[PDB]
Amino acid sequence: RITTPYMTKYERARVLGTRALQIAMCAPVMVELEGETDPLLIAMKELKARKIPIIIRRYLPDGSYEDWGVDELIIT
Amino acid sequence: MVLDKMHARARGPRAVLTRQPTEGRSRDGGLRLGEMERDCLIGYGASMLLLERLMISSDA
Amino acid sequence: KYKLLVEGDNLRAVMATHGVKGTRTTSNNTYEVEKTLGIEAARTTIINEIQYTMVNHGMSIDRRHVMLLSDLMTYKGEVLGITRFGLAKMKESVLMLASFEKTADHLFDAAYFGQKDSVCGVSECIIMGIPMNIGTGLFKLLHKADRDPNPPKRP
Amino acid sequence: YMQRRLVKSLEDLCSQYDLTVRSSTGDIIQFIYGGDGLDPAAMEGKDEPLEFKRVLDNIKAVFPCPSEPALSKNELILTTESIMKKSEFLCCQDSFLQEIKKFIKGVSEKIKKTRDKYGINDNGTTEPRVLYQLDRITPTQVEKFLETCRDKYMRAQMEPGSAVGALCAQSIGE
Amino acid sequence: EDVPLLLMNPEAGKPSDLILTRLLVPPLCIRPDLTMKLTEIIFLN
Amino acid sequence: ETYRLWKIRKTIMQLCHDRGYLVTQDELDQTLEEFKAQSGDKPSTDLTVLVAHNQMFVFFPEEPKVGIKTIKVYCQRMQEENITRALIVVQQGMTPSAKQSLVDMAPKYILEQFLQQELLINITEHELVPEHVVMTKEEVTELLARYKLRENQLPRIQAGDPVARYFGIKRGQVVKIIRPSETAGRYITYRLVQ
DNA sequence: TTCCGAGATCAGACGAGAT
DNA sequence: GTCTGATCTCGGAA
């Protein structure tokens, strides 16, 4: 609950990083897509519709963690 | 003239000792992503790129 | 108003003389501020004398970069200049030192000691081919699929 | 060479998630990055994230609000306190939150200096109506001024895990 | 007792092997001119 | 000239006020005229302070290079008065055999050593040196916990640093540094000592 | 009496990449 | 072909 409630540019990159690679292995798509064949262009459609089945595990450097749903974050 | 300098290497010969792509266009190239450009890829914070660019598509 | 600049090095012998208000006198030699005025004044000269020589050449720069470079350079006790020698007193891991200069001695000497290095930083995770933890590899990602720690069966 | 020595020491620093900047070995170099935890990249001129004169004039021009009362000096300091402690502005550390307040009173006195010359604000009606557009600051703007200066300050923080020293090695070396 | 006092972590290696009575030759796959220095040893051996 | 035999006494009674003793305020600030009571005599030890905590014992041995015997002059009155801490403010420096005599008799009595021209300026009121503040034992435990940091892993200041030697700090203590800035002025950093 | 300062000699390094 | 800290030898002293 203590880290920044803004999705950083390093979290948006990897969430788009692995949701692209998930959807390029026939994952179920959450956005009823409209002809986009680039898997990366599907993932930004997933982000803006805020439907990504991914929870960011944010590591405080002592070892404790703090989860954050991608629904529960403020993208830019 | 650009015909003597146009160059692209998809996947070709690797050097016999270190199994990296060779040096030169006469030997089908591969251009060195040098250690100065390593820091540029560090400073962007792109972690999964550097694993892809220095382990996956060079020495897998 | 009058001040006087010297071309010398003996700082506290200058700071203590009669007439000079030693509360307001600086150097440009960051070691002679470290020996004489503590480390924290040696941090502020490394901030200043870089930000003095950077605005002299045009070349504007944020202070927050120099506030990091100074604060790295003086955080382990004394001012550790970024040479080959200052890296040994800053880093523990071998391959980060071994990828820098003196690759022969730094690898044999860390075999003489039984040096167990963990693989961290970026100069070793790039060598080993691990995704580095600096930047996009800091956190990690979960999946949000349907799961629960379920009840078992009666046995 | 000086690029090489710089980046071969400074590469393994990143601003962790609790805003501290640590080495690879866990040891703390800085407690907040650069005192305020702010990106130099997103940083505005003068090493300040806002440059408040530009944002307030931007807000007055993007949102001119006609048919609005625009009363001031007795309401401006009163609206800027009612908005600033209102369920928000907790993550704004109060060194920036002072800096809005010293700017708002700095533009609060600029209003009364013009209304000192002429044009009493007795209820917002004098006979030449144009005079209330001298320093118009109407409270639809000053609340959008704060919700922008908050969010421009919150956005221009150092994003956690950003290869902080690797930015430093380029910005000294280049 | 006195091996850790020379700071040699004896799980890594005791001081008797700072000098060479046998010697690993590197594998052939990492040398397809250092072979020439190996045969110069066995000549002298 | 006497700008010293006075300002040194001015400095150490700023120094042991910062270290938390009970120097009355009128004894702290003297103009030179308040020290012109003794001013002609001491050039051509009459200067030794004992102050206690809310007890140090400074020394100005008139010998330039203090030898082991000169320490041994007041090794005995150190253990006579049951005093635990001392100061030896020297003129030139210690003889290179005498500095061990401090660390041979280390845990019984402390007796830190200063030079003269080291002490002629108060380095705390220097513009470059920010306000070091020694933190208490409970001030460390609320530090480590907030940052979730082990005692080690804090930024480190040497024990022989000029401001650690000023404030009189043994190993294991943590100073709090208020570095002044321009936007905030309250950029706080901490330092574990070595 | 020993120990620490100051005299000699010794190190590893001295940008990317390209044909 | 220097620029470099380290590490070895001399020497004058409390």
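Residues numbered from 1 in each chain as written, not as in the entry; some residues may be left out. Chains lettered and ligands numbered in written order. Part of a larger assembly, values for the part shown. Heavy atoms only, no water.

Per the deposition metadata, cryo-EM was the technique used to determine this entry, at a resolution of 3.35 Å.

Naming follows the PDB entry, where chain C appears as DNA-directed RNA polymerase III subunit RPC1 of Homo sapiens.

Under the annotation held in the PDB entry, chain B carries the name DNA-directed RNA polymerase III subunit RPC2 and is attributed to Homo sapiens.

**Student:** Got a minute to help me understand the overall build of chain C in this structure?
**Tutor:** When helices and strands are counted, chain C shows eight helices and two strands. Ordered by position from N to C terminus, the α and β elements of chain C give α-α-α-α-β-α-α-α-α-β. Each principal axis of the C-alpha atoms in chain C carries an extent, and together these give about 95 × 40 × 35 Å. Counting across all 155 residues of chain C, residues that qualify as buried make up 45%. A total accessible area of about 8,900 Å² is found for chain C, and carbon and sulfur atoms account for 56% of it. Side chains of chain C give 20 positive and 17 negative charges; the mean places of these two sets differ by 8 Å. (Helix = DSSP H or I, 4+ residues; strand = E, 2+ residues; numbered from the N terminus. Buried < 20%, exposed > 50% of the residue type's maximum accessible area, 1.4 Å probe, protein only. Areas by Shrake-Rupley, 256 points an atom, 1.4 Å probe, with all protein chains shown as cover. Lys, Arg positive; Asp, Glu negative; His and termini not counted. Charge placed at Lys NZ, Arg CZ, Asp CG, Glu CD.)

**Student:** Just checking my understanding: could you explain the sheet that holds strand β1 (residues 54-59) of chain A for this structure?
**Tutor:** The strands that make up a sheet are held in pairs by hydrogen bonds between backbone atoms, and each pair lies either parallel or antiparallel. Strands sit in the order β2(A)-β1(A)-β2(C) across an open sheet of three strands; the sheet is antiparallel. Whereas interior strands pair on both sides, the edge strands pair on one side only; in this sheet they are β2 (65-69) of chain A together with β2 (140-143) of chain C. The mean angle between the axes of side-by-side strands here comes to 30 degrees, regardless of whether they run parallel or antiparallel. For β1 of chain A and β2 of chain C, the ladder comprises four bridges, and the chain directions are antiparallel. Looking at the pairing, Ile54 of chain A lines up with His143 of chain C of β2 of chain C. The strands touched by helix α1 (residues 9-23) of chain A are β1 of chain A together with β2 of chain C; relative to β1 of chain A, the strand with the most contacts, the crossing angle is about 140 degrees. (Pairing = 2+ DSSP bridges. Axes fitted to C-alpha atoms, helices over the stretch in contact; angles between N-to-C directions. Contact = heavy atoms within 4.5 Å.)

**Student:** Would you take a moment to explain the protein's contact with DNA strand H for this structure?
**Tutor:** Taken together, the neighbourhood of DNA strand H is formed by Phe85 of chain C together with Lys65, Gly67 and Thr95 of chain F. Residues belonging to the surface near DNA strand H are distributed by class as follows: one nonpolar, two polar and one charged. (Near = heavy atom within 4 Å. Nonpolar A, V, L, I, M, F, W, Y, C, P; charged D, E, K, R; others polar.)

**Student:** Mind showing me how you'd approach helix α4 (residues 63-73) of chain C here?
**Tutor:** Each full turn of the α-helix corresponds to 3.6 residues, which orients residues three or four apart in the same direction. Residue and element names in this part refer to chain C. Of all eleven residues in α4, eleven are buried; the element is thus mostly enclosed. Where α4 is concerned, the buried positions are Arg63, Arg64, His65, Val66, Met67, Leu68, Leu69, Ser70, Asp71, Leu72 and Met73. Structurally, the start of α4 carries an N-cap: the backbone nitrogen of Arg64 is 2.9 Å from a side-chain oxygen of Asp62. (Polar contact = N/O pair within 3.5 Å; in protein donor to acceptor, adjacent residues only side chain to side chain.)

**Student:** Mind showing me how you'd approach the interface of chain D and chain B here?
**Tutor:** Accessible area lost on assembly of the parts is the figure often given for the size of an interface. Facing the nine residues of chain D at the interface are five residues of chain B. With both sides pooled, the region where chain D packs onto chain B buries about 580 Å², and carbon together with sulfur makes up 58% of that total. Among the residues of chain D in contact with chain B, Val7, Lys8 and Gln170 of chain D are the three that bury the most area, contributing 43% of the side total. Run the count over chain D and chain B and you get two salt bridges. One salt bridge in this structure joins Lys8 of chain D and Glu35 of chain B, with 3.1 Å as the shortest N-O distance. (Buried area = accessible area lost by both parts, 1.4 Å probe. Salt bridge = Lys/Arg side-chain N within 4 Å of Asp/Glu carboxyl O.)

**Student:** Got a minute to help me understand the protein's contact with DNA strand G in this structure?
**Tutor:** The local shell around DNA strand G holds 13 residues, among which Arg25 and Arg32 of chain B, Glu101 and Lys102 of chain C together with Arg4 of chain D are the closest. By atom count, sugar and phosphate contribute 100% of the portion of DNA strand G lying within 4 Å of the protein. Between DNA strand G and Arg32 of chain B, the relevant distance is 2.9 Å, taken from a phosphate oxygen to a side-chain nitrogen or oxygen of the residue. Here a phosphate oxygen of DNA strand G and a side-chain polar atom of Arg4 of chain D are 3.3 Å apart. Residue composition of the surface near DNA strand G, grouped by class: four nonpolar, three polar and six charged.

**Student:** How do you make sense of the arrangement of the chains when you look at a structure like this?
**Tutor:** The highest contact count of any of the eleven pairs of chains in contact belongs to chains C and D. No part of chain B reaches chain F; the closest C-alpha pair between them is 24 Å apart.

**Student:** Any chance you could explain the side chain of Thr8 of chain A here in plain terms?
**Tutor:** Counting through the fold element by element, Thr8 of chain A comes out in the segment before α1. On the accessibility criterion, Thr8 of chain A (1% relative accessible area) is buried. For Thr8 of chain A, the side chain forms a polar contact with the main-chain nitrogen of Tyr10 of chain A, separated by 3.1 Å. Ignoring sequence-local partners within four residues, the contact set of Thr8 of chain A consists of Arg58 of chain A together with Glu159 and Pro160 of chain D.

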